[PDB]
Every structure is written in C-alpha cells, then in structure tokens.
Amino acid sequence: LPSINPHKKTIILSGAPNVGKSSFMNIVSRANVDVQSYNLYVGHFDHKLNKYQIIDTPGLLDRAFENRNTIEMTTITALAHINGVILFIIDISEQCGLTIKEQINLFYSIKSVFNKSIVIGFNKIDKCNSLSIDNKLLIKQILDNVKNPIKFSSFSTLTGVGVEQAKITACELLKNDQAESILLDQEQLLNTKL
C-alpha cells in the first residue's frame, strides 16, 4: 500500500518476530532498502537480468490476524494481491522466543490470506541441524495441509550459508506460478470462445 509497485516480482517476507526476516532482506538486497511508513521495508535486487523487490512488514505478517483492525487487514490483504511469492521463515533454533510448533501454528493462521507459491525458510541453522520427530512430522504435515505449491530452504542469515540458494528457489517458484496461472487464463478464454 505505501509506495509499493504491485506488478514487480516480489518476495513477501513473513514469520514470527526475530526469525531473521529483516536480516534476509538486507543481505539479498545489499541493503538497497526503502523505508516506507503507514515501518514497511522494500529491498531491491536483480537476479538473472530480472528486477525484484523483497518486502518486510514487521507488525503485520509476523503475528496472527485475529487482533488486526480493518485498516491493518486492508494493508495485509493489499500485500497478498501483489505479484509475489511468500517466504515464511521459521527460526529452527527457537532463539526468536517461539517454538517450531508455535511458528508453524502462526504459518497456518496466516497462510490463508495468501493461493500463491510459498517457500518455507528454515533459518539459524548455525545454531541447529537435528529436529524432534514431532517437529519433523509437523513440517511434513505442512505439505498435506497446504494447497499452495511449497518448497523448503535451509539457511543462516548470520553466516550467509544457503541464503542465496533460498533467494533463487523463491524466484523460480514465482516464475513457475506465473507460467501456470497465465495458461489457466489463456485456456479459460479460449474455452469460452469455442
């Protein structure tokens, strides 16, 4: 809503407070970041001759929607209608102050506003690897509960390892969705004609 181009290819960052969202944005955009107020953050980067933005909205996409007022919801909804892929980051070290299960609960609670592609980012691997079987099966359950096309990416925004890889899989998930969706529109229009 505040000075965002809705047509530019976008990574929409989401996840609990202190999971590494602002860190991720800063790394991939080399801090080429516009600070906009309603604070909303828009990082910019190029990948493979294409221009991208990456958006971080602390206070909006880091907590459940139950407590939002109308204006906040319209802002959230406006973001959900951008040309974007979601990067939902889970801090698997739990240093953010919430357990993996509480972070997955957050994901289910808010993934309904987005049917876009989603990358689940497992961050802070410098402080982890492995996981409880209930946690691994909770993560696996995401693939069953979710109609959205979903990929996984592990990284550390403290050490840099896997970060660029995570950025690459987000972009390509977007491409594939753009490709699949334009076909459905082309098909419906011809099926109408015929």
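Heads up: residue numbers just count along the shown sequence, starting at 1.
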_Deposited but uncoordinated residues in the residue 107/residue 108 interval_ = none
_Does the chain run continuously from residue 38 to residue 39, or are deposited residues unmodelled in between? Answer none, 1 to 3, 4 to 9, or 10 or more._
4 to 9
*Taking the mean of the C-alpha B-factors per stretch from the entry, tell me the winner out of 25 to 33 and 45 to 53.*
45 to 53
_Given 84 to 92 and 69 to 77, the range whose Cα B-factors average higher in the PDB entry_ = 69 to 77
_If I read the C-alpha B-factors straight from the PDB entry, which of 14, 18, 10, 178 is highest?_
178
*Could you tell me which third, lowest, middle or highest, the C-alpha B-factor of residue 156 occupies within its chain?*
lowest
*Lowest, middle or highest third of the chain for the C-alpha temperature factor of residue 100?*
lowest
*If you rank the chain by CA B-factor, which third does residue 62 end up in: lowest, middle or highest?*
lowest
